[PDB]
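Notes follow once the structure below has been shown.
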Amino acid sequence: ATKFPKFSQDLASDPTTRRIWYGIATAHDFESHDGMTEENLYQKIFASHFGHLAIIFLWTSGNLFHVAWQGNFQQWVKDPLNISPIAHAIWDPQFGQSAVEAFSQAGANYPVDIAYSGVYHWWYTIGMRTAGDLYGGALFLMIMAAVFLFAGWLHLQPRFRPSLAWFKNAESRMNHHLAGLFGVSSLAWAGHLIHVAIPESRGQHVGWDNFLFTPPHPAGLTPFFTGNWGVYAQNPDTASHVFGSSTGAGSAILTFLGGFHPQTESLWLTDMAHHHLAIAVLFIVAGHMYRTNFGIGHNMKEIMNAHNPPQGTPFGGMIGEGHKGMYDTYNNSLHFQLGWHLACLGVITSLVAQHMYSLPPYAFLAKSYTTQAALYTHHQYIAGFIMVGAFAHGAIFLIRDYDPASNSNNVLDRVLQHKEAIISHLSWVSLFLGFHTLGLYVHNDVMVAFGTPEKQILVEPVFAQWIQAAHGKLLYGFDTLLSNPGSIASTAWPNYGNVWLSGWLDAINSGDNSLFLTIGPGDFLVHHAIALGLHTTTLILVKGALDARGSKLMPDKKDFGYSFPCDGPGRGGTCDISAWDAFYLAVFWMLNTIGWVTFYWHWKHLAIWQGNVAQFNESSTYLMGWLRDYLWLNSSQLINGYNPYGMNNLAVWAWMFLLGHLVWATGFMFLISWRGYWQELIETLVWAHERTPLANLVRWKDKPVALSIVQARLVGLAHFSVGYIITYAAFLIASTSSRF
Amino acid sequence: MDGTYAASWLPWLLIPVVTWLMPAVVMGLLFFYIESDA
Amino acid sequence: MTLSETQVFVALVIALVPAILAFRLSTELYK
Amino acid sequence: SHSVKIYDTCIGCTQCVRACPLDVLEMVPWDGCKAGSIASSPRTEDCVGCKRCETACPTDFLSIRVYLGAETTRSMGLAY
Amino acid sequence: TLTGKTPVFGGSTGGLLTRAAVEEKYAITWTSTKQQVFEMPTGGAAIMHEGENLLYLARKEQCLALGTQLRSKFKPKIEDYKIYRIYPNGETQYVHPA
Amino acid sequence: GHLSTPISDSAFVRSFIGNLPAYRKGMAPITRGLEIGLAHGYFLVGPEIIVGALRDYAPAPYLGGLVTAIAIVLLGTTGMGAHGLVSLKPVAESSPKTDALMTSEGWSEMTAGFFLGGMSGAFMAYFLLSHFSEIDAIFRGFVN
Amino acid sequence: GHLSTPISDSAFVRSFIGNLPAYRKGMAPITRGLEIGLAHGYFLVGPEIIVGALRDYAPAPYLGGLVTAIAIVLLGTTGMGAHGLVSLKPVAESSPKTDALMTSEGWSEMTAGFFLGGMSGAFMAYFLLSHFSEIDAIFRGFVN
Ligand code: CLA
Ligand code: CLA
Ligand code: CLA
Ligand code: CLA
Ligand SMILES: CC1=C(/C=C/C(C)=C/C=C/C(C)=C/C=C/C=C(C)/C=C/C=C(C)/C=C/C2=C(C)CCCC2(C)C)C(C)(C)CCC1
Ligand SMILES: CC1=C(/C=C/C(C)=C/C=C/C(C)=C/C=C/C=C(C)/C=C/C=C(C)/C=C/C2=C(C)CCCC2(C)C)C(C)(C)CCC1
Ligand SMILES: CC1=C(/C=C/C(C)=C/C=C/C(C)=C/C=C/C=C(C)/C=C/C=C(C)/C=C/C2=C(C)CCCC2(C)C)C(C)(C)CCC1
Ligand SMILES: CC1=C(/C=C/C(C)=C/C=C/C(C)=C/C=C/C=C(C)/C=C/C=C(C)/C=C/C2=C(C)CCCC2(C)C)C(C)(C)CCC1
Ligand code: SF4
Ligand code: SF4
Ligand SMILES: [Ca+2]
Ligand SMILES: [Ca+2]
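In structure tokens, the structure reads:
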């Protein structure tokens, strides 16, 4: 046996190179380790979360420090429409001299990268103006990270090590995280916007020196206690206000306007202050709901036990009974919690993407096209990876932590009993969408190729156009609520508190933002392709989770774990039968789905930004238009980043574009060629080394073997995924930033 | 390679330290950790 | 305007205390 | 090594013993079936994990199950 | 500790490696009534002798694959093969038929 | 066993390979590493001289080949040294008659020899190429 | 006996000090001295470069730091060598299992390693500082 891995005696006695690979791959699976008690597990997770928090704070600190040290943040706030932001400086000694001049851009005389993360637009909106502002922010996140690093070390010391009951007190954790972590932080952020960001948005420098002596409002906290809070909703920043100056500046600190600031095309800062104060009240009072040792409140256990029928419908009845034992199903299983907390975070991460492009919260973000393209694609691919991992840990829970004795005829026991009905109904929706979305695309392709583009089938999306009309859009002419000026929903009859409505209908009928874009027949087909990708990826993940304990091909599948190669070539052959293998197949379908999502977002926005929205409306109904007018047409400036006549600043994206094609294709080797070919090949290399003089003096410590069956599915998926991401990221940024 | 930012001699040293010296030291130390017997 | 040479050198000194504390948390999580 | 488990549903047909290329398995008198013999796995430290025994087993489900465990030089099939 | 003639074979590249010297070895002995031709488990044709034979192989699976060839591919069949595990100190453990 | 080939039954091949400094009987390990190092550092300068980045750099056309060979000898020495630290046992914890390269002190003696030969063979090749116009005047008799 | 302190009961301190080349198990004494010498001769050039008498001498601004480090390594080698000659006994006149740095041949092996590492670490630091304008063009890409 060897030292590594310390946590697995079965792996440390492995004499081959598989021990090194599997020791890396199982290092954070803390439950599989030797001698892992349940509360040593929770304490190691707790300190690991302190380390992950400190990495985030050091990552943010490095973003602030490099923009303050090497960026152009002070020159950018004077003109945020034509200055490009600088991410950091380039130090690459392998550059030639014409690459130094090609990357000396954004008004800098040293090679720089143009930032596309949006940190300039975010730090400008929240009140930062100088490099000294970001530098004190950078120093503060470094001592904050040192605090969390020390706190993780301290809570592993034997005195300060928390007990198992401290980790499972869910009511005290929810009360402290709703009121404190959610509410007080949102309340403190409303405090930052009102005291700092809104004054800095009105030409007024407010820092740590003079924020105790400049009130946020001229009638300061004397009308807050008297209850006449409407004086905090004054004349707002006017329609001629210039952001960052006192020209046209109002004095209100808490408005209810809606729509966008007319210069920045961004949300009002006084609406974002009134947003964060209002939900702080809803979160602080929600943190006073569950009982702790102060005497009243709610046990979460007794609420779920009483919510069986419920019912005002009844519906007695058929479902289920259910919800008995689902407190301890939630509370004993960390894999149930992680699978549940990823499914919530994955919906929220994708909600961030769909709302930050249509309701931009940052000044001049809606005119920085490459940043808006990069931010949407970033948060949709991250939401796709988080969503697949929610189903992965749901399947790990069903193998490792699921108890059919405790969960006996509850809601979770019952979904497994009709599991052939859920999977077969997902299978029909996937087959119905795919047969008819692809059939409609191929039919339109044959019509355009035969020279008859009026025979192609163009179904208008009349249900989603009606929702746009129902939210106040006048382009389709439906004239229901919120586009009817005399409807019950628009007038808001008994209270007339519809203060947002004038700002909302001004912004939704402006034909210049990304707020409820005009959709046509090209938008119909691609939503049904997205629905195909959402349903098929769910089908692979659900069938992986619901067959994780067993099927007819392998009834004892929970005895073999989450991840195993196969069950041999018997019974017909059982390649990729584990629940890990259905994770592996679904990452392919996830990447294809987010591929279809971000292709459509990018092409529709690139058509709008180029002043030719008709090119999307004509070419997106057949698949040659996607290949020619989106993939082929926008590749032109990217692949000319270097050529035999020279290079420009897109040469790094051109080189990364080809690198991504290479990594993606290298993954195909691990996915197509399988193990026993490579093990027999390595056997001749082991022979050649032992028989070669002067080289057989050098002996390996670990016996060289081929990668395992599971490992190369993972290694092949990792090359496929990395090559997928950086190919599109190089193409998205270079096709958008070349013309904008 | 040059810079007009403050202390532009720092990437001159740190990029060889971060990308040559540190990986050779870390791969050296990880080689001792994963190949030490018993 | 960007940082001064003193501000960069202060940040490198300040970076040493999460560097020491991450090293302490590293060896504590290992054992 | 790997874990080879023989269950009580074995019919003593000895086809798994004939199928094993590493001579892991042998028949033990059992009187718990009509044949009176059951499969056993004494030399599991020589088992490679090929699952040729499970392919030969004619009961539904299998009376013999192989559980791939910790890898040794023998179980990885290495001649080096 | 084990007698028998080595089969007539020119050698090959598929035979014993460093593991046979430092970790474990295997030998198969069998008695034959004819000087005939058999296939090596490591590739190639060899000549077995009349009387006792002795062949050193790297793995137990290679010895048992040769014994399967000694059973099913010759007239008459050769059942009497014995397989021994040889350790580097010289300890020779009879492992088949157990 | 092995194959009987006209390369394996060649007496010149066995006398050449067997008397290379890795195998030559009676050598000390410091001398094995020194002879191996001097040969290896000397040729390692050459490639970056002819086709490297400083081949058309007039202030120092030979500096790129020297620091390339130095850093390769550094990583070669460190890899060879780390190899012996994890693979071998010292002379105390081994039996007598134990083939000194199979002990950790003998391997680390060979590692120290490879470093000293490698860098100085690299500096020797660098020094002759840097003084090549004066070596050429020596070899042509322009010094009379 | 000794004190139980959080420095003495520190496992990182004992693994760092115990694997410095003076203490690292399985090293040959020539390799201990070589690694110690290369580290020490390299830094010893530095002080006379920056604040020495030749710091403002245009014909050779780096020669003063080299010959300073050479003469310190000379007196360091001679003092270390004379130390072992008066303090230790040879491998013949000692017992078996005798910790090779406690014998005179092992100490003088370490002395020979310190000389060779020390002068060549000093020449290495001198060579990089003398070619610093060409190292700087390498590190900035003025060689393209
Ligand atoms: C808060 C989020 C979270 C947390 C705490 C966990 C935690 C865990 N997961 Mg889960 N999971 C998550 C999200 C999370 N996951 C997500 C988002 C996915 C979808 C990708 C999954 C899918 C998943 C599967 C299928 C499995 C786990 C497993 C695990 C457990 C062991 C992890 C391990 O040891 O491997 C350490 C991880 C690695 C060694 C992989 C690192 C390399 C990856 C592929 C990234 C490579 C990128 C590369 C370096 C980039 C360079 C590019 C450049 C060179 C060009 C651990 C409990 C395992 C488990 O529980 O077993 C029963 C398991 O089988 N997870
Ligand atoms: C791999 C993970 C990942 C990465 C690298 C990013 C990267 C980014 N995100 Mg995204 N995001 C992600 C996943 C990720 N995201 C997920 C999973 C979600 C859903 C939760 C989001 C939701 C999200 C939103 C809504 C936004 C971003 C934004 C950004 C960008 C700004 C940089 C930043 O976040 O600073 C680091 C940020 C912090 C460290 C925030 C600290 C402040 C916290 C929330 C509260 C602090 C409270 C305080 C301490 C309490 C004191 C109280 C006391 C005084 C009383 C950057 C591109 C922003 C953007 O688009 O910019 C243009 C943006 O608005 N992200
Ligand atoms: C472009 C490549 C491609 C295509 C077309 C498909 C198509 C499909 N996949 Mg697959 N998949 C792919 C790549 C692809 N996949 C890759 C690379 C992986 C990773 C290995 C997967 C992994 C995967 C999993 C894990 C699953 C699927 C499933 C499916 C089916 C989804 C249901 C549906 O939409 O029905 C519509 C049918 C189609 C779109 C295909 C039919 C094409 C036309 C209509 C055929 C016309 C007949 C033709 C002209 C006759 C031949 C001519 C002559 C030679 C006779 C569908 C057949 C799922 C499934 O099968 O559930 C039921 C499923 O669970 N796929
Ligand atoms: C954590 C985020 C982060 C990232 C991604 C970067 C990235 C970079 N830095 Mg910066 N650096 C950071 C934080 C970061 N830095 C902070 C907070 C400071 C202030 C102390 C610096 C001070 C600094 C200087 C002085 C220089 C760089 C330079 C660079 C560039 C070259 C690499 C290098 O030499 O770094 C050098 C690294 C340091 C000096 C220490 C970094 C300290 C961070 C916080 C450590 C982060 C560890 C991380 C959390 C571990 C994550 C886990 C891992 C598995 C991924 C590269 C773009 C060079 C450059 O700008 O070239 C043009 C350069 O000269 N950085
Ligand atoms: C003294 C002095 C100075 C300084 C210097 C130096 C020395 C500095 C540097 C600094 C540095 C160089 C820094 C560093 C930093 C780092 C860091 C800060 C890190 C972090 C890390 C982390 C955080 C980790 C994480 C992790 C992992 C990865 C795994 C495991 C777990 C954990 C979580 C732990 C100067 C010149 C200025 C001035 C004068 C004096
Ligand atoms: C539009 C609108 C609305 C509505 C909304 C709604 C109603 C929504 C909902 C939402 C939803 C409806 C969502 C959902 C989601 C879900 C998900 C995302 C799922 C996931 C799942 C998972 C992942 C699972 C897993 C698992 C398994 C598989 C097994 C066992 C374990 C567990 C459970 C973990 C309103 C009225 C407000 C108004 C405004 C507008
Ligand atoms: C005799 C001789 C020689 C040889 C030498 C040798 C013997 C070497 C060795 C070498 C070596 C001995 C090397 C080593 C390497 C290592 C490496 C390359 C490492 C890597 C690592 C890594 C990459 C890591 C990974 C990881 C882990 C493990 C955990 C987690 C984290 C990470 C992922 C980071 C020469 C050629 C000089 C010349 C002539 C003479
Ligand atoms: C390990 C080592 C080392 C160390 C070394 C040593 C060990 C040294 C030693 C040293 C020595 C060992 C020294 C010696 C010295 C001596 C002296 C300094 C002497 C003096 C003398 C005198 C002064 C004399 C006097 C007199 C007499 C006696 C008589 C009468 C006359 C008269 C008065 C003249 C070093 C640092 C390098 C580095 C690292 C490593
Ligand atoms: S385990 Fe299967 S193959 Fe073996 S004796 Fe029993 S029934 Fe026959
Ligand atoms: S898995 Fe293979 S080696 Fe093991 S008992 Fe079954 S047939 Fe024999
Ligand atoms: Ca050049
Ligand atoms: Ca002077």
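From first to last, the protein sequence lines stand for chains G, V, W, E, U, L and Y.
Per our numbering, residue 31 is the first one in the first sequence, and the count goes up by one each step.
Per our numbering, residue 611 is the first one in the second sequence, and the count goes up by one each step.
Per our numbering, residue 308 is the first one in the third sequence, and the count goes up by one each step.
Per our numbering, residue 747 is the first one in the fourth sequence, and the count goes up by one each step.
Per our numbering, residue 407 is the first one in the fifth sequence, and the count goes up by one each step.
Per our numbering, residue 40 is the first one in the sixth sequence, and the count goes up by one each step.
Per our numbering, residue 40 is the first one in the seventh sequence, and the count goes up by one each step.
In this text, a Cβ means the ideal position worked out from N, Cα and C, and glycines have one as well.
Go ahead and pull the three-state DSSP assignment for residue i.
i: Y262/G; result: helix
i: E144/Y; result: helix
i: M158/L; result: helix
i: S172/Y; result: helix
i: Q486/G; result: coil
i: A282/G; result: coil
i: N514/G; result: strand
i: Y506/G; result: coil
For ligand 5, any of its heavy atoms closer than 8 Å to the Cβ of residue i?
i: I85/G; result: yes
Which same chain residues, not among the five before or five after residue i, have their C-beta less than 8 Å away from its C-beta?
i: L511/G; result: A500, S517, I518, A519 and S520
i: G598/G; result: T604
With a CB to CB cut of under 7 Å and the five nearest residues on each side skipped, what residues in its chain are close to residue i?
i: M66/L; result: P60
i: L446/G; result: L576
Is residue i near ligand 10, with its Cβ less than 8 Å from a heavy atom?
i: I739/G; result: no
Check whether the Cβ of residue i sits closer than 8 Å to any heavy atom of ligand 9, and report yes or no.
i: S783/E; result: yes
i: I607/G; result: no
Would you say the beta carbon of residue i is closer than 8 Å to some non-hydrogen atom of ligand 6?
i: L511/G; result: no
Taking 8 Å as the cut-off, is the C-beta of residue i nearer than that to any heavy atom in ligand 7?
i: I489/U; result: no
Just to check, is the beta-carbon of residue i closer than 8 Å to a non-hydrogen atom of ligand 12?
i: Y96/L; result: no
Examine ligand 11 and report whether any of its heavy atoms sits within less than 8 Å of the Cβ of residue i.
i: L375/G; result: no
Less than 8 Å separating the Cβ of residue i from some heavy atom of ligand 8?
i: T107/Y; result: no
- the stretch 388-403 of chain G / the stretch 102-117 of chain G touching (three or more Cβ pairs under 8 Å): With a cut-off of 8 Å, the stretch 102-117 of chain G and the stretch 388-403 of chain G count as touching, because enough Cβ pairs lie within range.
- Query: Does the stretch 620-640 of chain G come close enough to the stretch 552-566 of chain G to have 3 or more Cβ pairs within less than 8 Å?
  - Reply: The stretch 620-640 of chain G vs the stretch 552-566 of chain G: in contact.
- If you pair each beta-carbon of the stretch 429-436 of chain U with each one of the stretch 754-767 of chain E, do three or more pairs fall below 8 Å? No: fewer than three Cβ pairs fall under 8 Å.
- Query: Where are the beta strand (DSSP E) runs, 3 residues long or more, that stay fully inside the stretch 167-226 of chain G, in chain order?
  - Reply: Here no run is fully enclosed.
- What alpha helix (DSSP H) runs, 4 residues minimum, are completely inside the stretch 519-592 of chain G? List check, alpha helix (DSSP H) in window: 531-538 and 551-576.
- Query: Does the count of Cβ pairs from the stretch 325-337 of chain W and the stretch 796-813 of chain E closer than 8 Å reach three?
  - Reply: Contact between the stretch 325-337 of chain W and the stretch 796-813 of chain E is absent, because fewer than three Cβ pairs lie under 8 Å.
- Cβ contact (3+ pairs, closer than 8 Å) linking the stretch 310-327 of chain G and the stretch 240-251 of chain G: No: fewer than three Cβ pairs fall under 8 Å.
- Message: Within 8 Å, do at least three Cβ pairs link the stretch 595-614 of chain G to the stretch 487-506 of chain G?
- Response: No: fewer than three Cβ pairs fall under 8 Å.
- Message: Closer than 8 Å is the cut-off here; do at least three beta carbon pairs connect the stretch 638-656 of chain G with the stretch 741-750 of chain G?
- Response: No, they do not touch.
- Item | At least 3 beta-carbon pairs within less than 8 Å: the stretch 432-442 of chain G vs the stretch 532-539 of chain G | Too few Cβ pairs lie closer than 8 Å, so no.
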